[PDB]
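Q: Just so it is clear, I am handing over target37.pdb, which has PDB, C-alpha atoms.
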```pdb
ATOM      1  CA  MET A   1      44.564  78.789 143.481
ATOM      2  CA  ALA A   2      41.098  78.356 145.010
ATOM      3  CA  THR A   3      38.920  77.464 142.039
ATOM      4  CA  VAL A   4      40.725  75.418 139.406
ATOM      5  CA  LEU A   5      41.268  77.359 136.190
ATOM      6  CA  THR A   6      39.776  75.516 133.220
ATOM      7  CA  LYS A   7      40.801  75.938 129.598
ATOM      8  CA  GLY A   8      37.469  77.448 128.563
ATOM      9  CA  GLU A   9      37.679  80.176 131.186
ATOM     10  CA  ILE A  10      40.891  81.561 129.681
ATOM     11  CA  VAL A  11      39.429  81.816 126.183
ATOM     12  CA  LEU A  12      36.249  83.365 127.589
ATOM     13  CA  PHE A  13      38.388  85.950 129.383
ATOM     14  CA  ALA A  14      40.250  86.700 126.154
ATOM     15  CA  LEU A  15      37.013  87.120 124.205
ATOM     16  CA  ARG A  16      35.546  89.356 126.908
ATOM     17  CA  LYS A  17      38.519  91.690 127.200
ATOM     18  CA  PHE A  18      38.079  93.010 123.654
ATOM     19  CA  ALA A  19      34.260  93.229 123.617
ATOM     20  CA  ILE A  20      33.624  90.289 121.304
ATOM     21  CA  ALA A  21      31.396  88.082 123.486
ATOM     22  CA  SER A  22      30.364  89.415 126.890
ATOM     23  CA  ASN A  23      27.218  90.406 128.739
ATOM     24  CA  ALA A  24      28.555  93.976 129.133
ATOM     25  CA  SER A  25      28.242  95.102 125.520
ATOM     26  CA  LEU A  26      25.798  93.141 123.347
ATOM     27  CA  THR A  27      26.311  89.477 124.389
ATOM     28  CA  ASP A  28      26.298  86.554 121.860
ATOM     29  CA  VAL A  29      28.805  83.670 121.524
ATOM     30  CA  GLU A  30      29.554  80.934 118.959
ATOM     31  CA  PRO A  31      30.925  77.406 119.537
ATOM     32  CA  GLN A  32      33.279  77.321 116.555
ATOM     33  CA  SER A  33      35.109  80.365 117.887
ATOM     34  CA  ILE A  34      35.489  78.518 121.197
ATOM     35  CA  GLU A  35      37.008  75.452 119.534
ATOM     36  CA  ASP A  36      39.386  77.625 117.518
ATOM     37  CA  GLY A  37      40.426  79.509 120.641
ATOM     38  CA  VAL A  38      41.075  76.348 122.636
ATOM     39  CA  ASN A  39      43.202  74.842 119.872
ATOM     40  CA  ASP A  40      45.129  78.114 119.625
ATOM     41  CA  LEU A  41      45.759  78.006 123.373
ATOM     42  CA  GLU A  42      47.028  74.432 123.108
ATOM     43  CA  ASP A  43      49.458  75.234 120.300
ATOM     44  CA  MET A  44      50.647  78.420 121.997
ATOM     45  CA  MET A  45      51.488  76.485 125.167
ATOM     46  CA  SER A  46      53.333  73.937 123.040
ATOM     47  CA  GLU A  47      55.401  76.800 121.629
ATOM     48  CA  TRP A  48      55.919  78.279 125.101
ATOM     49  CA  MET A  49      57.679  75.081 126.081
ATOM     50  CA  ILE A  50      60.751  76.730 124.480
ATOM     51  CA  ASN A  51      61.225  80.420 125.136
ATOM     52  CA  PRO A  52      59.434  81.276 128.416
ATOM     53  CA  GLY A  53      59.859  77.674 129.554
ATOM     54  CA  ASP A  54      57.506  75.265 131.240
ATOM     55  CA  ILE A  55      54.990  76.796 133.646
ATOM     56  CA  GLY A  56      52.917  73.725 134.455
ATOM     57  CA  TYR A  57      50.392  73.519 131.619
ATOM     58  CA  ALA A  58      48.587  70.180 131.301
ATOM     59  CA  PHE A  59      48.401  68.819 127.758
ATOM     60  CA  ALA A  60      45.971  66.294 126.334
ATOM     61  CA  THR A  61      47.050  62.764 127.217
ATOM     62  CA  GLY A  62      46.492  60.711 124.076
ATOM     63  CA  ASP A  63      45.029  61.711 120.735
ATOM     64  CA  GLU A  64      41.668  62.975 122.060
ATOM     65  CA  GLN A  65      40.968  66.716 121.906
ATOM     66  CA  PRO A  66      41.568  69.610 124.326
ATOM     67  CA  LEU A  67      37.914  70.462 125.203
ATOM     68  CA  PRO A  68      37.025  73.639 127.140
ATOM     69  CA  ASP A  69      36.077  71.858 130.379
ATOM     70  CA  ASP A  70      39.493  70.312 131.006
ATOM     71  CA  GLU A  71      41.627  71.635 133.834
ATOM     72  CA  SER A  72      44.526  73.729 132.585
ATOM     73  CA  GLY A  73      46.798  73.094 135.553
ATOM     74  CA  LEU A  74      47.985  76.704 135.694
ATOM     75  CA  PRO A  75      48.139  78.769 138.885
ATOM     76  CA  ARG A  76      45.766  81.699 139.079
ATOM     77  CA  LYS A  77      48.761  84.066 139.135
ATOM     78  CA  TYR A  78      49.325  83.501 135.390
ATOM     79  CA  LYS A  79      45.857  83.846 133.904
ATOM     80  CA  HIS A  80      46.119  87.525 132.968
ATOM     81  CA  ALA A  81      49.434  87.030 131.167
ATOM     82  CA  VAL A  82      48.232  83.926 129.335
ATOM     83  CA  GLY A  83      44.938  85.544 128.384
ATOM     84  CA  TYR A  84      46.520  88.713 127.048
ATOM     85  CA  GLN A  85      48.994  86.751 124.938
ATOM     86  CA  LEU A  86      46.180  84.581 123.576
ATOM     87  CA  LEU A  87      44.098  87.655 122.739
ATOM     88  CA  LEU A  88      47.020  89.199 120.876
ATOM     89  CA  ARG A  89      47.468  86.025 118.846
ATOM     90  CA  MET A  90      43.785  85.516 118.012
ATOM     91  CA  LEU A  91      42.662  89.100 117.326
ATOM     92  CA  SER A  92      43.351  88.876 113.589
ATOM     93  CA  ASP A  93      40.658  86.231 113.010
ATOM     94  CA  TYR A  94      38.076  88.996 113.368
ATOM     95  CA  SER A  95      40.186  91.545 111.450
ATOM     96  CA  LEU A  96      40.767  93.798 114.443
ATOM     97  CA  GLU A  97      43.793  95.730 115.615
ATOM     98  CA  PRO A  98      44.861  96.206 119.235
ATOM     99  CA  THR A  99      44.866  99.576 120.918
ATOM    100  CA  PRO A 100      47.860 100.969 122.833
ATOM    101  CA  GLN A 101      46.390 100.379 126.295
ATOM    102  CA  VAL A 102      45.821  96.685 125.581
ATOM    103  CA  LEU A 103      49.425  96.404 124.417
ATOM    104  CA  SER A 104      50.652  98.085 127.598
ATOM    105  CA  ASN A 105      48.599  95.759 129.803
ATOM    106  CA  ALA A 106      49.850  92.717 127.912
ATOM    107  CA  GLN A 107      53.456  93.825 128.295
ATOM    108  CA  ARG A 108      53.065  94.439 132.038
ATOM    109  CA  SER A 109      51.493  91.028 132.642
ATOM    110  CA  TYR A 110      54.139  89.288 130.540
ATOM    111  CA  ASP A 111      56.869  91.048 132.509
ATOM    112  CA  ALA A 112      55.308  89.804 135.740
ATOM    113  CA  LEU A 113      55.380  86.275 134.311
ATOM    114  CA  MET A 114      59.020  86.671 133.261
ATOM    115  CA  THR A 115      60.045  87.891 136.722
ATOM    116  CA  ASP A 116      58.773  84.685 138.364
ATOM    117  CA  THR A 117      61.041  82.396 136.330
ATOM    118  CA  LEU A 118      64.562  83.932 136.352
ATOM    119  CA  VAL A 119      67.518  81.677 137.168
ATOM    120  CA  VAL A 120      70.778  83.656 136.695
ATOM    121  CA  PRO A 121      72.974  80.561 136.285
ATOM    122  CA  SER A 122      75.927  81.614 138.528
ATOM    123  CA  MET A 123      79.012  80.592 136.525
ATOM    124  CA  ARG A 124      81.557  78.254 138.150
ATOM    125  CA  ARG A 125      85.301  77.785 138.610
ATOM    126  CA  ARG A 126      87.305  76.335 135.766
ATOM    127  CA  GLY A 127      88.903  73.051 136.764
ATOM    128  CA  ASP A 128      92.611  73.751 136.471
ATOM    129  CA  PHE A 129      92.282  76.678 138.880
ATOM    130  CA  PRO A 130      94.299  75.971 142.047
ATOM    131  CA  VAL A 131      92.819  76.045 145.506
ATOM    132  CA  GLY A 132      95.170  77.660 147.959
ATOM    133  CA  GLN A 133      97.070  76.246 150.898
ATOM    134  CA  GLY A 134      94.684  78.059 153.221
ATOM    135  CA  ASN A 135      92.045  75.447 152.409
ATOM    136  CA  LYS A 136      94.313  72.666 153.750
ATOM    137  CA  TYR A 137      93.765  70.220 150.914
ATOM    138  CA  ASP A 138      95.940  67.586 152.587
ATOM    139  CA  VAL A 139      93.637  66.522 155.406
ATOM    140  CA  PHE A 140      90.391  68.512 155.665
ATOM    141  CA  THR A 141      89.373  68.204 152.034
ATOM    142  CA  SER A 142      90.880  66.315 149.124
ATOM    143  CA  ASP A 143      91.649  67.178 145.515
ATOM    144  CA  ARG A 144      93.575  70.375 145.348
ATOM    145  CA  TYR A 145      92.388  72.147 142.174
ATOM    146  CA  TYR A 146      88.648  72.667 141.766
ATOM    147  CA  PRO A 147      86.497  69.924 140.222
ATOM    148  CA  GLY A 148      84.609  72.418 138.063
ATOM    149  CA  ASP A 149      82.357  69.789 136.516
ATOM    150  CA  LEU A 150      80.012  67.342 138.275
TER     151      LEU A 150
ATOM    152  CA  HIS B 305     115.615  78.469 193.938
ATOM    153  CA  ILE B 306     112.881  77.251 191.614
ATOM    154  CA  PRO B 307     114.814  75.665 188.732
ATOM    155  CA  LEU B 308     112.706  77.144 185.897
ATOM    156  CA  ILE B 309     114.384  79.830 183.775
ATOM    157  CA  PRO B 310     112.055  82.007 181.674
ATOM    158  CA  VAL B 311     113.122  83.747 178.464
ATOM    159  CA  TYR B 312     111.161  86.641 176.959
ATOM    160  CA  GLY B 313     111.360  88.506 173.685
ATOM    161  CA  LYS B 314     109.950  91.780 174.993
ATOM    162  CA  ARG B 315     108.276  91.941 178.400
ATOM    163  CA  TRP B 316     106.335  94.698 180.163
ATOM    164  CA  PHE B 317     104.064  94.978 183.205
ATOM    165  CA  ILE B 318     101.029  97.110 182.353
ATOM    166  CA  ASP B 319      97.908  96.521 184.481
ATOM    167  CA  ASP B 320      98.616  93.886 187.145
ATOM    168  CA  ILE B 321      99.298  91.584 184.177
ATOM    169  CA  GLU B 322     102.583  90.683 182.502
ATOM    170  CA  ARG B 323     102.558  91.206 178.732
ATOM    171  CA  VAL B 324     104.965  89.756 176.168
ATOM    172  CA  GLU B 325     105.541  90.217 172.452
ATOM    173  CA  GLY B 326     107.532  88.426 169.778
ATOM    174  CA  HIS B 327     108.491  89.670 166.320
ATOM    175  CA  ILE B 328     105.427  88.846 164.186
ATOM    176  CA  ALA B 329     102.401  89.891 166.246
ATOM    177  CA  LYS B 330     102.558  93.395 164.788
ATOM    178  CA  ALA B 331     102.489  92.158 161.177
ATOM    179  CA  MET B 332      99.395  89.934 161.259
ATOM    180  CA  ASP B 333      96.921  92.423 159.796
ATOM    181  CA  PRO B 334      98.903  93.596 156.725
ATOM    182  CA  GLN B 335      99.900  90.012 155.907
ATOM    183  CA  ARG B 336      96.404  88.549 156.070
ATOM    184  CA  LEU B 337      95.075  91.518 154.123
ATOM    185  CA  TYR B 338      97.686  91.082 151.371
ATOM    186  CA  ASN B 339      96.673  87.427 151.094
ATOM    187  CA  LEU B 340      93.043  88.439 150.595
ATOM    188  CA  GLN B 341      93.995  90.965 147.928
ATOM    189  CA  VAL B 342      95.915  88.386 145.899
ATOM    190  CA  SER B 343      93.211  85.734 146.247
ATOM    191  CA  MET B 344      90.510  88.166 145.140
ATOM    192  CA  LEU B 345      92.519  89.336 142.129
ATOM    193  CA  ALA B 346      93.288  85.822 140.882
ATOM    194  CA  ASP B 347      89.752  84.584 140.227
ATOM    195  CA  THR B 348      88.533  87.927 138.892
ATOM    196  CA  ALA B 349      91.324  87.671 136.333
ATOM    197  CA  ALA B 350      90.410  84.053 135.595
ATOM    198  CA  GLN B 351      86.714  84.821 135.035
ATOM    199  CA  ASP B 352      86.876  86.747 131.713
ATOM    200  CA  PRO B 353      90.071  86.043 129.761
ATOM    201  CA  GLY B 354      89.307  87.488 126.329
TER     202      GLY B 354
END
```
Would you mind writing the file out in structure tokens?

A:
Amino acid sequence: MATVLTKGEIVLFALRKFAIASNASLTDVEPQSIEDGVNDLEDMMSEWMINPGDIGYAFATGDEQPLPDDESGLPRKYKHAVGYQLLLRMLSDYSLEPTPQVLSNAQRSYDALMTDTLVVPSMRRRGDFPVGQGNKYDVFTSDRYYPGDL
Amino acid sequence: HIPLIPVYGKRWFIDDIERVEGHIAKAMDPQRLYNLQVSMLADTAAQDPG
């Protein structure tokens, strides 16, 4: 929460974490890389609408264009997971290979994201399964046999 | 005399209180535990048929 998390901040985080564009190593930054990163983030969220499921990302309304100053709509609890996944996807543009520690961090953050979405669907009763006489289906309830549908 | 005639199954006088008993009070616990066993087996069987 607190400060809203914009789309450009996530791609800047991803670029920083592998020493490509940050004040801590040599600096420098290029706009075309930013546009490519933002479009990659957009498409990766579109894909994530299937397997991990929706997490509240805010897509571009009409035709337009994503832009790095638009609000992402994500909670701050997800930025590390999203950034690590984006970095993994966009490393190969610069012909670089990830190191084991980065992979471990990405897996831990992704697991934290996965934990906050579980459902465990809690399978039902069938529909021809009787309900006993102890449930007093005459008067208290109705419809002996479970509905098992709805 | 008072014209009421009581009938008891089994009657005893224990602690200033008269206590009676029929023929089914002793069998409540096994019966209502057997019912639970059958009810719990039925749906477990019905959950995973094959």

Q: Please, which residues of chain A lie no more than 10 Å from chain B when the count uses only C-alpha atoms, and can they be set out as a ChimeraX atom specification?

A: /A:123-126,129-132,134

Q: Would you work out the distance separating CA of residue 84 (chain A) from CA of residue 106 (chain A), expressed in Å to one decimal?

A: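 Computing it gives 5.3 Å between the two atoms.
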
Q: Please provide as a list in words all residues within 12 Å of residue 313 (chain B), with the sequence filter that same-chain residues fewer than 3 positions apart are discarded (counting all atoms listed in the file).

A: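 Once the adjacent positions are removed, what remains is residues 310, 316, 323, 324, 325, 326, 327, 328 and 329 of chain B.
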
Q: Which residue out of A:107, A:51, A:72, A:101 has the minimum interatomic distance to residue 85 (chain A) when all atoms listed in the file are used?

A: A:107

Q: What is the CA of residue 6 (chain A)-CA of residue 73 (chain A) distance in Å, reported with one decimal?

A: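 Here the two named atoms are 7.8 Å from each other.
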
Q: Return as AutoDock Vina command-line options the box centre and box size in Å, one decimal, for an axis-aligned box around all listed atoms of region 39-54 of chain A padded by 6 Å per side.

A:
```
--center_x 52.2 --center_y 77.6 --center_z 125.4 --size_x 30.0 --size_y 19.3 --size_z 23.6
```

Q: Please provide the set of residues having any atom within 12 Å of residue 35 (chain A), restricted to all atoms listed in the file, with same-chain residues fewer than 4 positions apart removed, written as a ChimeraX atom specification.

A: /A:7-8,11-12,29-31,39-42,65-69

Q: Determine the nearest neighbour of residue 9 (chain A) from the options A:64, A:49, A:56, A:80, counting all atoms listed in the file.

A: A:80

Q: Could you please determine the separation between CA of residue 127 (chain A) and CA of residue 146 (chain A) in Å, to one decimal place?

A: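 These atoms are spaced 5.0 Å apart.
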
Q: Specify as a list in words each residue included when the PyMOL selection byres ((chain A and resi 87) around 9) is applied to this file.

A: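 With the shown file as input, the PyMOL selection byres ((chain A and resi 87) around 9) matches residues 11, 13, 14, 15, 17, 18, 82, 83, 84, 85, 86, 88, 89, 90 and 91 of chain A.
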
Q: Take the PyMOL selection byres ((chain A and resi 1) around 7), apply it to the structure above, and return the hits as a PyMOL selection string.

A: chain A and resi 2-4+75-76

Q: When the PyMOL selection byres ((chain A and resi 54) around 12) is applied to the structure above, which residues does it catch, written out as an MDAnalysis selection string?

A: chainID A and resid 44:53 55:59 73:74 113:114 116:117
